[PDB]
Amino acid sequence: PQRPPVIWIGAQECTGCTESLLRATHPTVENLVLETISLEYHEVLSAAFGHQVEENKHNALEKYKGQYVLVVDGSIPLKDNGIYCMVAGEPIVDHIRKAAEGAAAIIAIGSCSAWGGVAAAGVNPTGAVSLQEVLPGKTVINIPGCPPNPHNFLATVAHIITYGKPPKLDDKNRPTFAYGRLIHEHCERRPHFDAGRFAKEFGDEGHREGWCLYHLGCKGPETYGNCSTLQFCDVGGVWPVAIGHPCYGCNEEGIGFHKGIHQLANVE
C-alpha cells in the first residue's frame, strides 16, 4: 500500500527538530519512515547526496504534486537576497517557495520556522523570518517549541492522514491538543504558586521540596504548550519545571530568546 509523501526542508535549522523524531515512540522514527509516511526528501537520513538527492526532490515534487506534506525547520533568512542559506547554489527561500506550490499541507516544525525563534532574536543578523511570512497565501500549521515534543508534530500528521484534515488550530494556527492552554493553567506546581511557596535559588529548601519556580523566572504564565501534561521522552515526569528549572518560554514569540531566564513573567 502507498504511504503519504513528505518533503522536509531545513533552512536556518540546528537539526534539533529532526532529532526530536529520534526520541519519539508512537511512532518511532523507523516506523514513521517504513510504515506511516514516505519520507521523499530529508537531507539528514538520505542515502543520495548532491545531484542525486536534488533529482529525488524534483521527481517527488512532480510525482506527488497536490499530495505531499511540506515540513520546514529553521528560520528563512531574507537579508541580502537570501544568501545566508544556500543549497545547490540557490537561496533556501526559493527551494521552500517552489516546494510550497504543490503541497497538500505545510507544517512549520519548531519555534524558528513557526515565528523566527532564536535565529531571529536580538539584532537578527540575517533577517530571519517565519515560514508563514515567506508563504503569505498559504495556511501554515505552526508546531512551536525548541524543539517541540515530536508527537505534537506526529499526531498532527496522523490527523491529516487518518481523518483527511488538520487538527483544530488556534488563532496562531497551532494545534489545540498541544498548544490550547497556558502551561501555568495546567501546572502541577500551581498549588505552591497559590500558597506563596516559591523556590528562591536552585538548591534552596523550597526548590528541594518541588515548590513553584515563578520567582526563578518561570514563563509558564505566558507560554502556551503541553509541557506539563504530555511532557517529554515518554518516561514519565520529565519536563523542565519537574526537573527543577523554570520554563524559558521557548514555545512563545516574545518570551523565549527575548526575556532573561530570571526575568519574571506577567501573570493573567
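The numbering used is simple: start at 1 and walk along the sequence shown.
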Check: Do the CA atoms of 56 to 64 or those of 208 to 216 have the higher mean B-factor in the entry?
Finding: 56 to 64
Next item on the list: Averaging the C-alpha B factors as listed in the entry, name the stretch that ends up higher: 122 to 130 or 109 to 117.
Entry: 122 to 130
Next item on the list: Between 139, 142, 75, 152, let me know which has the highest C-alpha B-factor in the entry?
Entry: 139
Check: Based on what the PDB entry reports, which of 183, 158, 100, 146 has the top C-alpha B-factor?
Finding: 100
Next item on the list: Place residue 50 in the lowest, middle or highest third of its chain's C-alpha B-factors, as listed in the PDB entry.
Entry: highest
Check: Which third, lowest, middle or highest, does the CA B-factor of residue 34 fall in along this chain?
Finding: highest
Check: Should residue 187 be placed in the lowest, middle or highest third of its chain by the C-alpha B factor in the entry?
Finding: lowest
Note to self: Looking at the temperature factor on the CA atom of residue 43, which third of the chain's modelled residues does it land in?
What the structure shows: middle
Check: Which third of the chain holds residue 178 when residues are ordered by C-alpha B factor: lowest, middle or highest?
Finding: lowest
